């Protein structure tokens, strides 16, 4: 397969100025006619004209209204149409074509496809060439004039980008609509939608120009009543870009459309954003709480792309992080401001340090701006998105809000209407950096290493205090492990937001301070420090690094109780748990290895248990924060710290630690589970579709976490509570009743009850499937076979397949069964899925990403399954390339 390299970028020898499309959708086929008005560019050197075009059936192709002849004037190999240069004109010309495509059998969900009874396109990154011929790359900017025709009873609602300029009847029960979109765009932002769609709508008035913007949100008829929160989120999103960034929407209308079958969350097609139904629709009756934050976040993210992706555009796909990392940063600032809860930022850190750090230490490690790719569809990674977002957020930390805003506005003013690279962004931030430092010789050149260098830096600390001098020193070191991308890793620009806490009264000892670490090591000295402080390091999680605080557990406890920063408190708790986990893991491992008849375990620190009870008992402390402190760090975070991890020894370690704490605190857990009920489950606003209270949902999260702890512990008579909880009107509660009942004989009675409640709402049924998949059941393999036979069957909906299998892969004991039967099961599912949807088959490989981190038996079992998948004669290019990179072949 062809490898694309960042350093090889060159502009095309052609220009496409205008696209005129006619898309005629019929029962068994869709015919696409396309006229491209083209030119020869200044870069042209007499080359063949080569269009992308994948899976197209050519009826005919032409230049200037004359037909071309296959074999003599052109070849087409199902991937590239080559028109030999001797037949390509040398000034402005028309290329035209008519192709047939088949959205009804398009189960890969890229190009034009049918989702249930809606026809819908997905073009990013390489899907437009599955619809018609094009030079399908984001620097090819063009105007679009698009006509769609279809059966009017089946497809009454026709949408594409721009203004609808004509609507017309067609003989035989058909109708048409023409949409003209004069501003230039790249072809991956084209979209079309056709269906029997119902809508909610509102008018928004922009803050500064006072323009009326019409907002439409669309779904199939059955679910139209689940669109209201999405419309509220869109208003919120427009207001935030106005208030924080001073940015207004430029167009007269914005449409949001929900479809049932979608590979990711959503897509920012200009004026026509299309969503996975699970990221657009919710109701209080038929959705779990998580849906509310998810919709806010995905509606926000697609709205923010209108600037950071749609108006300031990418030169080439190696710059992907400049739109995705920046948009995720904008999305996260917006979510933090709308939810007003500390757990929003904590949940982003949790995601990065579990999933993205695992990627960054795997054979798939890459910088946020990679140097090569083979498959663009595999380039949309947690590294590019979430580490890209932390790199974009570090500019804000370094500059502060006023200078960050000036720099951002510099980037937008200078690049609005044009393509940009990561350097242009760094340049704009630098201008703000010169202004902040008040010195024009200050620069951010070393900052670009965050774009090019792969791997997670490690940052470690030592301290010194002189009581006589009142002088405190923080000695800092940074290191990044060599890997396959850089042999020698250079020191990064690491901003370290710090506080100094007086351990006597818990008070701040210094003003806001951000250390700028720019060297492999540095020593930071503070004078007039009256007492020996406890340092509060990386406040807000100020750089995407492994933090090694070298504090004692006494100091960590003091921070957990007394520090002002939520992330440092949570990270202090995390570090206490990690020290505990690694000690017990090694005691368990030594006993298993030496086949000991008896041995000792190091108990959980008593004063840490006391600090947890102190926080839980505090009526003014935050319930979301409380849920984080009672939960051990995620398995995928823990794995970064253990070689050859034996998943059974880790399961025993976790069991021991949870039982140690619960043995002290279960009575406290019970008492809180009961006292939280009135506020957590309050129904006052259940029928108010727009009233969303993130604090209340965090109270539910806490009650559901405590109930899970009390159920695993078999706390006296807890089943009574479980059964009562199953009667709750909130799906978060009654699905929780299902999974915690796994430890009782009531499990299948609640399985049937909750199925009945879920089965008539497509999305709620998917949440039920996830709840079943994740259930802590000894007969989990037999339960999966049951879901396959009774519910999933041969669904090709990626939301159904993912719901059934992915949560199960997190079952530490059972997915990792030493027979290799869990790895065998998931590899069968990947191979089956790959026949119709390579992109989702690749997603389903995720459990394998850590294969070379496990114990040698399990490494070998996983590698066997991956090699079996690689040997399938019918493997997709996309699955193949990924598994080749993952197995270091």
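Residue numbers count along the first chain shown, from 1.
Comparing the deposited coordinates for 149 to 157 and 114 to 122, the stretch with the larger average C-alpha B-factor is 149 to 157.
Per-stretch averaging of Cα B factors for 872 to 880 and 6 to 14 places 6 to 14 on top. For the set 308, 319, 480, 85, the maximum C-alpha B-factor listed in the entry falls on 85.
The entry assigns its greatest Cα B factor, within the set 239, 364, 376, 391, to 376.
Per-chain ranking of the deposited C-alpha B factor places residue 52 in the middle third. Ranked against the other modelled residues of its chain, the C-alpha B-factor of residue 838 as given in the entry falls in the lowest third. Placement of the Cα temperature factor of residue 127 within the chain: lowest third of the modelled residues, per the deposited record. Among all modelled residues in its chain, residue 767 ranks in the middle third by Cα B-factor. For residue 384, the recorded CA temperature factor ranks within the lowest third of the chain's modelled residues.
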